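In: requesting a structural model of the entry that follows:
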Amino acid sequence: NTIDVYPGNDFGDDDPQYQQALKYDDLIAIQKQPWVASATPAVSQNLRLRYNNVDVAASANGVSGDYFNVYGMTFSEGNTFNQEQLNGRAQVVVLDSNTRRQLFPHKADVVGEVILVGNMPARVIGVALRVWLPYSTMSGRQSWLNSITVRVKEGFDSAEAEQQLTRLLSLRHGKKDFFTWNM
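Out: Residues are numbered from 1 along each chain as shown. Shown next is the structure:
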């Protein structure tokens with residue numbers, strides 16, 4: 001019913017070699033196929049994070065709920081998004097270690113705090129110079145892709161759909177810098 005698409009050679013492939021291996025043109029190429037119900041991108045921008053007079057250049061990454069497990073990331077503090085928050089387009093944010101250390105130089109716990117992603121307020125709900133938000137929260141906002149969710153059409157076997165997706169993307173890159181997850 002749902003096929004996610006991530007950059008990297010497989011699950012856990014953290015290598016920043018491939019972090020933009022997915023393009024918007026790939027999105028258009030996917031949407032154009034019969035078995036595709038929809039294809040929502042997960043977009044990422046460079047922005048400036050400000051909190052009580054401190055400002056750091058950072059990267060807001062719109063991701064899905066499973067992004068951290070997919071790249072084998074563990075949480076120093078807090079949780080990840082749940083699907084009511086992803087579908088509610090809620091404004092919650094996960095910091096990485098360095099964003100936390102510089103916008104909150106010595107605070108004991110940070111979950112509940114409110115930072116300003118660009119000019120949109122976001123509530124810190126966890127910690128893992130990058131910050132992550134629900135892709136639905138960022139979809140309305142020069143950028144790149146870090147994930148693609150592909151909803152399949154009814155009547156279509158998701159496996160042969162996954163194989164046509166895989167041969168599509170693989171035919172459009174000249175590499176296999178990506179991997180899929182058929183959920």
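In: C-alpha only now, for contacts and for neighbours.
Out: Fine.
In: where exactly do the strands run in this protein?
Out: Remark: strands assigned in the chain by DSSP state E are 2-7, 36-51, 54-63, 77-78, 92-95, 114-117, 120-127, 130-134, 143-152, 178-182.
In: most neighbours per residue, which of the ones you listed?
Out: Stretch with highest mean neighbour count among the strands of the chain: strand 92-95 (a mean of 27; mean count of other Cα atoms under 10 Å).
In: which residue ends up closest to the midpoint of the chain in space?
Out: residue 63 (1.9 Å; Cα atoms, centre = their mean).
In: so that one makes contact with residue 148?
Out: No: using Cα atoms under 8 Å, residue 63 is not in contact with residue 148, being 9.0 Å away.
In: any common contacting residues for the two?
Out: Residues touching both residue 63 and residue 148 (Cα atoms under 8 Å, 6 or more residues apart in numbering) are residue 42.
In: excluding its backbone neighbours, what's nearest the residue nearest to the centre of the chain?
Out: Using Cα to Cα, 6 or more residues apart in numbering and skipping residues adjacent in sequence, the residue nearest residue 63 is residue 135, 4.8 Å away.
In: and the one you found, how many residues sit next to it?
Out: By the criterion of other Cα atoms under 10 Å, residue 135 has 26 neighbours.
In: measure it to residue 51 for me?
Out: Noted for residue 135: a distance of 22 Å to residue 51, by Cα to Cα, to the nearest Å.
In: same question, residue 147
Out: 28 Å.
In: need the distance between the two termini of stretch 111-129.
Out: Length of stretch 111-129, first residue to last, Cα to Cα: 18 Å.
In: residues in contact with it?
Out: 47-51, 57-60, 73-80, 91-100, 110.
In: swap in stretch 131-139?
Out: The contact list for stretch 131-139 (Cα under 8 Å, 6+ apart) reads 41-44, 58-65, 81, 85-87, 89-96, 99.
In: do me a favour and get the end-to-end distance for that stretch?
Out: End-to-end for stretch 131-139, by Cα to Cα: 15 Å.
In: off-centre distance for it?
Out: Relative to the centre of its chain, stretch 131-139 is centred 7 Å away, using Cα atoms, centre = their mean, to the nearest Å.
In: for stretch 21-29, same thing?
Out: Taking mean C-alpha positions (Cα atoms, centre = their mean), stretch 21-29 and its chain are 15 Å apart.
In: can you give me the buried ones in it?
Out: Of the residues in stretch 21-29, 21, 22, 23, 26, 27 count as buried by neighbour count, 16 or more other Cα atoms under 10 Å.
In: list the contacts of the last one.
Out: Under the criterion of Cα under 8 Å, 6+ apart, the neighbours of residue 27 are 39, 41, 148.
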